[PDB]
Structures are given as C-alpha cells and as structure tokens.
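Derivation of every value follows stated rules applied to the coordinates shown; laboratory data play no part. All Cβ positions, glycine included, derive from the backbone under ideal geometry; neighbour counts span all protein chains shown.
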Amino acid sequence: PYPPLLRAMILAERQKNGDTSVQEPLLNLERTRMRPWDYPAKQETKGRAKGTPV
Amino acid sequence: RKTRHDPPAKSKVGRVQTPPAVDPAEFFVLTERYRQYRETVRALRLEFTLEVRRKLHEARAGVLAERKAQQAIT
Amino acid sequence: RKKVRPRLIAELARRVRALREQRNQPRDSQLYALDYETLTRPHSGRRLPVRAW
Amino acid sequence: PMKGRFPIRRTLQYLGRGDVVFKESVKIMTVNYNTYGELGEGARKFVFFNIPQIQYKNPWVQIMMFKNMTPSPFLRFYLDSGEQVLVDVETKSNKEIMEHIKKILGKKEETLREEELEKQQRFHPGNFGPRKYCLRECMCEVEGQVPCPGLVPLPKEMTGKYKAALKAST
Amino acid sequence: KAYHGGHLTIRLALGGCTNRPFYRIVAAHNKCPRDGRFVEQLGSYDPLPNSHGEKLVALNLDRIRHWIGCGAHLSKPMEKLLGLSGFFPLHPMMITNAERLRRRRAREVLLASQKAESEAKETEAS
Amino acid sequence: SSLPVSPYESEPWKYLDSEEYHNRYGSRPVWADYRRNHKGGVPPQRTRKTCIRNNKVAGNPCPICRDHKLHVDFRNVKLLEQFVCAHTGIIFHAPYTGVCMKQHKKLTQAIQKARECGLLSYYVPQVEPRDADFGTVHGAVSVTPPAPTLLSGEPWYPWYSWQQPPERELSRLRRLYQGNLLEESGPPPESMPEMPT
Amino acid sequence: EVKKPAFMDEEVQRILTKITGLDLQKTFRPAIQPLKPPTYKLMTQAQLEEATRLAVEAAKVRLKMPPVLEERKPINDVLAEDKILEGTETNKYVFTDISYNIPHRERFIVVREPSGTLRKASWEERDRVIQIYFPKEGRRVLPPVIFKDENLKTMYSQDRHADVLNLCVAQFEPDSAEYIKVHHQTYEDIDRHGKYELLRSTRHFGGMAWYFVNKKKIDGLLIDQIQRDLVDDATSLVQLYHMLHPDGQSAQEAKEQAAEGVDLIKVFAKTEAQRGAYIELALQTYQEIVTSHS
RNA sequence: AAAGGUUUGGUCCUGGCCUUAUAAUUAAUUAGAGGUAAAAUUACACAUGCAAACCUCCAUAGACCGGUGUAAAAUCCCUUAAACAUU
Ligand code: FES
Ligand SMILES: [K+]
Ligand SMILES: [K+]
Ligand SMILES: [Mg+2]
Ligand SMILES: [Mg+2]
Ligand SMILES: [Mg+2]
Ligand SMILES: [Mg+2]
Ligand SMILES: [Zn+2]
C-alpha cells in the first residue's frame, strides 16, 4: 500500500480529474529491491590507502 | 574540529571500542523493519523521480509548448 | 586586472609531489601487514576493531 | 529647478511609463533622423521623448542613432534570426511611431503578466526568514505560538536552567 | 564557501532563542552550516505546543517531492516528521522505541504492584 | 509618600463630563497647553520615561500625569479620542502630545483594547472572501474511502507489529554476537501500559 | 421539480441590486485613513459625466454582495489508526500542505493525535493554520473578541452594523457557523429597530433581504420601503417573495388576480403578511400623499 | 532640516565654523534582581588541557563545521563549456 497521507492524495486527485474507481493505489517494489548489506561490493571502484607511514 | 594534520590527544590513546550488546529477538525484528522500510522508501523515491521527469518533458515538449512556438512564428 | 602573476613554485610542487607517489608506491605486503600480538598494522598503526580479533 | 528642457524625462516614473517591451528577437534598433526639416518632426520628438523609455524597458537592446545621413527618417530593427525590419516614420507622430513598433515587435500584455508571476514563484508567505525575503523571521511572531523569551519570560519549567537543577536534586 | 563533494539534503535548521527552539525545513548541500546557506525552504516545524496544545508542522509537499526525485537525502528527524504526517511510512526506530517504552512501563507497573503487595504485607503485620 | 486620591477612579468617564473638566480644559484637548523644556530647537525623539517615581512628580509633569483625575482606561473613550487623529485614525507618537513614555504605552493599550471591544470606532476596510470557489467536495475536506487494513483493524504495514523471529535465526545471532549478548525480549505489551500513579 | 431560486441567480441578483440602491456619496464615503493631497482636473460637462459614469461602474464592483452559503458540515474522517504510537507523544501534531498553487479548500491538513490516530483537520483547525501560513489582510489567527454578544450589542448601539458585517467577512468564512451566527444576529437587530437604511447602498443589503424572505418576515422592510417613497422596491421585494415561495397562498393569489405594481403589495398584506394591517395603512397613506400633493 | 548661534559703527549679501537629532566604543561618577541579545585592542609570542572519528580487518571521514580579515581594486551581474573528490 501507499502511506496513509500519500494514498489519500492519490484518491483525491482521481476524483478531481473525473476518474471514478475504487482500486487501491499500490506501490511496486520489484524495480527497487535491495541487495543484502553483506553483498560483495565493487573492488575496482574502491580506494587504496596512501603510502605515507604514520 | 581538528584537521588531519593535527596531533591526536594523549588522554584517548588508550581508547578501545566497546561494541553494544545485542538482543537477539529485538535485533532481528529491527533488521527486518529496516529492510522493509527502505524498500518502501525506494519505491516512493522512484515514483517521485518519475513525476519530476514527466513534468519536465510536458513543459519542454508538451502539447501547449508546441502550439505556442508555432503560434508565435505565424 | 593583469596583476595576477604565475605561481611556478606551486606548479613545480604539484608535479613533483605526484611523481614521488608513483615512484614510492607501497605494496600489499606492507599496507596490510599485521602484528598479531597487538593486532595493529605497523604501516599505519591502525588497531583492528574488536569484533575482528 | 532641474536642469535641461523637460526635466520630467529624468524621473523614474516617466521612464517607467514606457509600454514597448520588445520580443527576445530584437537585438538592435538604429534610429535615423534629421535635425532639420518639416516631415521629420515626429522622428525628432521620438528621439527626444520616447527613446529613453524604450531603453529603460529593454536594457539589453543596442539603440544607436545617426543624424542627417538620409533624406527621410526611418527605424531599422536587427533581429537575432538575422532578419532586418525597416520602419518608415516620416510624417508620423511620435505617438504613432510608438504604437507601430509596439504592434510589430512588442510583447503582448498576456506574455508580460506570465513572466511576472513566474518570477515570484519562490516567494512563499509561510516561509520564515529575514525581512528582506520573508514576512516573519520567527514563529514567535505568529499569534498563539509561544512568544519570544526576550520579549516575554518563559515559564520556569520550560527552561534548561531549571530542568538542570531538578536533575541534580533527583 | 566553495564546497567539493557532498549531496543535497533535507534537514531542520535551528532558529529561535534560548529555551525557544524553532526549526526551518530546508534543502541544502550537506557540507553547508546548519543555519547557513540553503537551496530552498520546504516548511517549518514549531516543536513547542501552542495555545491550543498543537505542535505545528508545515510541509511544502510539492517541493519536497521534487527534491526527493532529484536525489535529496533526508535527515533522521525529518524522516520521523514525514512518518507522523503519513507521507512516509513510520520509521523503524519510531516503532522500536515505542516498543521499548511499552516494555519499560510494564516493568514499572509490575514493580508498583509488587511494592503494593509488599505494602500489603506491612498492612498484614499492622 | 501620599499621592492624591481621585474621586473618579471607579467611573473615570465621569470626570470628562464634569464642570471641573470644562473650566480647566474647555473643549480643547488636555495636551493643548503643554510645552516640553529641552535644549536646542530639535527636541529629543523620545519623551521622558515617566513623570512619577515612587510618589514623586517631575518638574514639568506631562498632560496625563499633571492631572491626577485623568485616568487612562479603555472605557474612558472621550479621553482616548483626544490621543487619536480624527482624520487618519493613527495614534499620535508621544512627542506629539508630550506624554511620558509610560503613559503613552498605557494609552496605546487602552486605545487598542477599546477598539477591540467596539467602544472606540475605527475604519474597517472592505475585503473580498478568501476563496474564489466554495466547494467542499474535494477529498481533503470530504470522506476518503477507508483503507482495507483500517477496516480489518490491522496495522498499515505488516512490519509495524512485532513478528516473532524464527528460532533458527535467534540462534544465528547468539553465535555471531557470542560473549556480548542481552537477555532475549519477548513480544511487547499489546497496548501502552497505563502510567503508574 | 422547479428549482429553488439561488442567491446568485441572475434574476435574484437583479432584484436584490435594485432594492439595495446606489448612492455615490455613501458608497464612496471618505475613509478615515492616512491621507494624501487631493488632485485636480479641469473637465467639461461631457468629461465630468464620463467620470461620474466610471464612478458608478466602480460603485457596482464595490457593492458586489458577499456569498450566502449553507453551514459547512463537520469534517470527521480518520485516515489511519496507528496504535503502535499510542502513549509516545503528549501533544498533537498538525501537518499543513503549504504548496502555493493549491486552493485552500483542496489542501490536505492532517492531525496526528497522541493516541496514534491520523485524522483530517477540522474546519476550525483548517482556518487557523491557513491564516498562519497564507495570512490574509484583515484576518487574525485567533477569533477576535469583538464578536461576543456583549461586544456586538455595543456596535449595534452605535449603529455600526455595516462594520460588524465587514469584520465578519474579513475574519470568518461564508459557510462557517460563526459567519452565519453574526450575520443572522445583525439582520435580526436591524429588523427589531427598523434600521434598514444603515445597509442601503452597501454590499450587505442583499443578504439581509434574502434572509428576511427565506424567514418569511419581509413585513418590516416593506413598511419601511413604502414610508421612504421607495414603492418600486417594495413591489420588487414582493416579487422575490413570490419567487422563493411559489406555493405560498400569496403567490397563488397574485396569479389568480394577475396583480402588478401596487396590487402585489396589497395581495401580500391580506394573504401572508405577519402585520398586514400596517402595510395597508402605510401603503394607503403613501397613495394619499402622492394623490393629494400630485 | 521646519532650523539656530556667530563677521559690522550699522544694514544687506556671500561664506565657513559651531549648536540642536541619532548611534557605537572607551573613560569619570553611580548602580537591585530578573528575561533576552551581543561579546570585539592586536595576522604579535604562546605554558597546559581538550577540539575526528568510525568499524568484523578493506574502506569512508578528518577537504566539512569552527576561526581570522592576510592578500588583492581586488568585484557584481550575466553567457558558454566541461566536469565533481558527489547524490
Ligand atoms: S526571535 Fe523568535 S523566539 Fe526569539
Ligand atoms: K551661517
Ligand atoms: K565681514
Ligand atoms: Mg562494510
Ligand atoms: Mg568599560
Ligand atoms: Mg563558516
Ligand atoms: Mg589588509
Ligand atoms: Zn507623565
């Protein structure tokens, strides 16, 4: 579902524009699915430490 | 705030990390809430990203945009 | 304007510094060396986090 | 007494009375007029009275005027496309000249109003900040909201000094 | 200042006086000072209850959607504000903290009953 | 330490209709025959802070302070009108009438209170209604169809509620954080426990 | 079904404008405000008449009547009931959408209560917060104190009814209960004391006559219009009463007798007038004076 | 500026100085408490303490915040282009 306020703003716009429907607004999560936090990252784009000793 | 060229304090050389203790039941429930919350927020950020680009295209090359350009030339 | 003048020393310094970095690049055996008694890297003195000990 | 003839021409109100706002195409307006003659009186009056008003509303347009170079006065506009619009202003009153150029190369009232509204899009009355940009600096100014401590002292229980004392007492 | 690196963020800028806090919701580069240069003001938050007992939040939901669509991050207090409004889902830690408070008051209620029972034993002793 | 006591304290408006007022002031304002003593031709931009300090009176008491029977009350409209411009309806600044800053603030508050209660008239501009359209059929001011979760009584999102972790996952965390653990927590109370009092 | 006439009906606006009247001296009475030195123009009789015409055009826009609407219905809609947040907050949050280009009656203003319920802001809450973020000149965030019955009665004693109504239009919304309360209190005070002249040549006369017609108490306004020699207005008022009450005994009697002009007022007296005896007496006296003198 | 004082034996003109208003710093004399705002001789030299960490190792950050007015007529506004140590 959409968040409570954002759902009401969608349904309100439907009625204003003349769209008559009782369909429930739904968010699609397929396009934006997150990898696990421990998924291997890109080593090529990672930094390397400098060569000045402390 | 210090710069990278500043010398470190002598009262904190002994400092070592104290990681927080973990409650197994609450840690897992919280980890799942973050994953589900962040997925919902990514879907909404994408919906907002599309409205920005839709509105931009309508202004740049919408019906009204094209008519006014030719109307002026005529 | 026209009173802004070149800064040769800055130009020389930038190039010279960059050259030295390429010549004296460290190796993985040095950057990632470890002293297992203290669990601290000698190259930088970085002490590993506790959860990794 | 303000110097010169018709010193009203050197007032901001007069300069703002101009109504000819050129389209973005207009880049240059050359004015060719004669200082002596009878059929060029309107052209001479147009340079005297109207050219300041046109420049004031069109600061980026180059107005260059040439005197006694041709038998008759005319106006030539140079547009960004490369087109050249010649206007003949002989036997034409200064008011007539202004109306002619307004029609052919002047922005309409509708276009100018839209630009004004778009300019003010980012000003919001609800926004808080300095007087230069906003109506109210702080929410304390709003009626019913907690007033500024400087004008009106806060209750003791709402003060960090008091809260710290209780924590020590605990 | 001439910043190099960083991102746009939506955060709360603190205003007001001592013991009288007031916040401006703004979109700003993350490296800018808290109360300094911003890009747009997106609303305001008054955290002190008013005469009617209402904490007043103003959200420019059209411009907020615009800046989230352009990559603007959100600070954690602003993520909490959007959750209370209903524009965003409730933040994970808003729910967790509410659970912790429920578990902490349950202990207090139980202890008070135990103390009352201990006091009842004192009543039995007379 | 004995300031005189006015007989008109209860009903201040009475004084301005009495014969004593007419003889002293006639039909002119009470500040008409007052002049400020100051060096130079341009006077200071503020009047003296107050004419009365601890029952003592200053050298040249202001129009309000010099006459004790005059009372600055929102109900004494006839006195208040003398301190407001009849043509523009603007309250005069203190240097104009020569009243002290204390009485000027008191007069300003009495004038503002009198106007708010309608005792003292002022010009009300004619303003148009706020909204061009007066419809109340938009969802914001109307009824939104109730969401499915709201009708059933469920949380808006399933993860709002506490969902017991699987036992295998609780063991996986006890191994990962072995040696730095807290006591396992069960389901939280269904409602907020009533605050003990 | 024959539609009930509305306040904005072109026929109703015509009749209400006529009975209201116009007076360039009353409509443009000098404002007590910061003044500037007057300007002067030399004008011929044609130019002066043109300027008077523009003054009458402006007096028409100045006399535009304010809306007459029915009382709004309380907003009682719950968007959500998140009970997880019960007891975690002590004060209500009020969230206002302050996007510039939204009509004020189409903005979303919600309230998160301490119990966790997310509900829509009530009408009183909507008006307060819209003043705080879109402040309107003339309006105050909190309801002023002049509208209290004791304070309003003071304004009525000073014959400041047009002011009570001009303030009620600056502060309250036309559909609010407070707006309707003050207007109906002012209109009732004018009736009892026969002070109908106070609102003539003002934008508030139409609503007053509208209120009397709907409440079937035009008797006082007719008696006063006749005594002021405004008998064309009195006839138009009886036409408006026969338009909003078509099935009334008076409206059916005028159709039977095809009454017009002064006849319409006589029909009303016999049929539906609360005080018919007086309407005839004043109407008769007017006829005697007109006939006797001219 | 709504002006004023001051050249002469006297009048008029010209013309400068000064007075009256407003504000900041310092000083003399004097002074209860409370709320708020501000804090400032010096790019001269500095004892001492603190001001940058985080984290299952890699990385990321310490390029910010904070400070001063050093240098320079140094700038403003506007155009084009390309990038970012970014999102
Ligand atoms: S200026 Fe608003 S609280 Fe002080
Ligand atoms: K002089
Ligand atoms: K001399
Ligand atoms: Mg990692
Ligand atoms: Mg000092
Ligand atoms: Mg800074
Ligand atoms: Mg210098
Ligand atoms: Zn005084």
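Summary table below
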quantity: From G:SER236, G:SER176, G:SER157, residue being over 30 Å from G:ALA259 (Cβ atoms), more than 17 Å from the chain's Cα centre (by Cα) and hydroxyl-bearing (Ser, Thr, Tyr); calculated: G:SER157
quantity: Matching residues, segment G:210-233, being of a type in the set (D, E, K, R) and closer than 14 Å to G:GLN274 by Cα; calculated: G:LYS215, G:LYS216, G:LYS217, G:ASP219
quantity: Within segment F:139-161, tally of residues that are within 7 Å of another protein chain (Cβ to nearest Cβ) and under 17 Å from G:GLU71 (Cα atoms); calculated: 1
quantity: Unmet requirement for A:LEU26, which otherwise passes all of (1) more than 16 Å from RNA strand H (Cβ to nearest atom); (2) assigned to a loop (DSSP other than H, G, I, E, B); (3) more than 28 Å from B:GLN36 (Cα to Cα); calculated: (3)
quantity: G:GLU137 vs. criteria closer than 26 Å to G:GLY206 by Cα and more than 7 Å from every other protein chain (Cβ to nearest Cβ); calculated: no
quantity: Of residues in segment F:87-105 being in a helix (DSSP H, G or I) and in contact (Cβ under 8 Å) with a residue 12 or more places away in the chain, the one farthest from ligand 6 (Cβ to nearest atom); calculated: F:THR97
quantity: Selected residue (criterion: nearest to E:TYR3 (Cα to Cα)) from residues of segment E:13-44 that are more than 16 Å from ligand 1 (Cβ to nearest atom) and surrounded by fewer than 18 Cβ atoms within 10 Å (Cβ to Cβ); calculated: E:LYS31
quantity: Only one of F:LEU80, F:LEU70 that is within 34 Å of the chain's Cα centre (by Cα), surrounded by 14 or more Cβ atoms within 10 Å (Cβ to Cβ), more than 13 Å from RNA strand H (Cβ to nearest atom) and not in a loop (DSSP other than H, G, I, E, B); calculated: F:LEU80
quantity: Test for A:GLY51: is it surrounded by fewer than 10 Cβ atoms within 10 Å (Cβ to Cβ), more than 14 Å from chain F (Cβ to nearest Cβ) and not in a helix (DSSP H, G or I); calculated: no
quantity: Condition broken by E:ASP62, with the remaining ones in (1) among the acidic types (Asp, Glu); (2) facing another protein chain (nearest Cβ under 7 Å); (3) buried (at least 18 other Cβ atoms within 10 Å of the Cβ) satisfied; calculated: (3)
quantity: Residue match in segment E:58-81 (condition: of a type in the set (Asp, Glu) and within 16 Å of ligand 6 (Cβ to nearest atom)); calculated: no
quantity: Members of segment A:21-40 found to be of a type in the set (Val, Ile, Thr) and within 12 Å of chain F (Cβ to nearest Cβ), listed by number; calculated: A:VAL22
quantity: Residues of segment A:6-54 classified as farther than 16 Å from F:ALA140 by Cα, among the basic types (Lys, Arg) and more than 26 Å from the chain's Cα centre (by Cα), total; calculated: 2
quantity: Qualifying residue in segment G:241-251 (condition: within 20 Å of G:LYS18 (Cα to Cα), touching a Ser or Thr at 6+ places or on another chain (Cβ under 8 Å) and either β-branched (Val, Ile, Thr) or buried (at least 21 other Cβ atoms within 10 Å of the Cβ) (or both)); calculated: yes
quantity: Close pairs from segment D:146-168: first within 10 Å of another protein chain (Cβ to nearest Cβ), partner within 16 Å of ligand 1 (Cβ to nearest atom) and β-branched (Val, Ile, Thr), Cβ under 8 Å, at least 6 apart; calculated: D:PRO149/E:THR18; D:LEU154/D:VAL146; D:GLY160/E:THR18
quantity: Qualifying residues in segment G:38-73 (those that are in contact with a helix residue (DSSP H, G or I) (Cβ under 7 Å, 6 or more places away or on another chain) and assigned to a loop (DSSP other than H, G, I, E, B)) - the one nearest to G:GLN13 (Cα to Cα); calculated: G:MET65
quantity: Unique match (being more than 16 Å from ligand 4 (Cβ to nearest atom), over 17 Å from the mean Cα position of the chain (by Cα) and of a type in the set (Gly, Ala, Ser)) among E:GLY43, E:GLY16; calculated: E:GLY16
quantity: Scan of segment F:42-59 for residues that are at negative phi, surrounded by fewer than 16 Cβ atoms within 10 Å (Cβ to Cβ) and within 16 Å of RNA strand H (Cβ to nearest atom), ordered by number; calculated: F:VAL42, F:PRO43, F:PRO44, F:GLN45, F:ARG46, F:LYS49, F:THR50, F:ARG53
quantity: Among (1) under 16 Å from the mean Cα position of the chain (by Cα); (2) surrounded by 20 or more Cβ atoms within 10 Å (Cβ to Cβ); (3) over 19 Å from G:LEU22 (Cα atoms) - the single one G:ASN214 does not satisfy; calculated: (2)
quantity: Elements of type strands (runs of 3 or more DSSP E) in segment D:1-116, at least 2 residues being buried (at least 17 other Cβ atoms within 10 Å of the Cβ); calculated: D:26-33, D:74-79
quantity: Residue list for segment F:174-195, filter: within 21 Å of E:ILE95 (Cα to Cα) and either within 14 Å of chain G (Cβ to nearest Cβ) or aliphatic (A, V, I, L, M) (or both); calculated: F:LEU182, F:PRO187, F:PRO188, F:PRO189, F:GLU190, F:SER191, F:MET192, F:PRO193, F:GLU194, F:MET195
quantity: Matching entry among G:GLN13, G:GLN25 (being out of contact with any helix residue (DSSP H, G or I) (no Cβ under 6 Å at 6 or more places or on another chain) and over 26 Å from G:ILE180 (Cα atoms)); calculated: G:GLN25
quantity: Condition met for E:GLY53 (on the phi > 0 side of the Ramachandran plot, buried (at least 18 other Cβ atoms within 10 Å of the Cβ) and within 7 Å of another protein chain (Cβ to nearest Cβ)); calculated: no
quantity: Elements of type helices (runs of 4 or more DSSP H) in segment G:182-279, at least 3 residues being farther than 25 Å from G:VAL290 by Cβ and free of Cβ contacts under 8 Å to residues at least 60 places away in the same chain; calculated: G:205-214, G:249-257
quantity: Single unsatisfied condition, E:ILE68 versus (1) surrounded by fewer than 20 Cβ atoms within 10 Å (Cβ to Cβ); (2) more than 16 Å from ligand 1 (Cβ to nearest atom); (3) within 7 Å of another protein chain (Cβ to nearest Cβ); calculated: (1)
quantity: Residue in segment G:100-110 that is free of Cβ contacts under 8 Å to residues at least 40 places away in the same chain, more than 10 Å from chain F (Cβ to nearest Cβ), assigned to a strand (DSSP E or B) and under 31 Å from the mean Cα position of the chain (by Cα) present; calculated: no
quantity: Tally, over segment F:106-137, of residues that are in a helix (DSSP H, G or I) and of a type in the set (S, T, N, Q); calculated: 3
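Conditions tested, residue by residue: (1) in contact with an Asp or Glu (Cβ under 9 Å, 6 or more places away or on another chain); (2) closer than 30 Å to D:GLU83 by Cβ.
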| site | (1), (2) |
| --- | --- |
| B:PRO7 | no, no |
| B:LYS12 | no, no |
| B:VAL29 | yes, no |
| B:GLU39 | no, no |
| B:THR49 | no, no |
| B:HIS57 | no, no |
| B:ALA61 | no, yes |
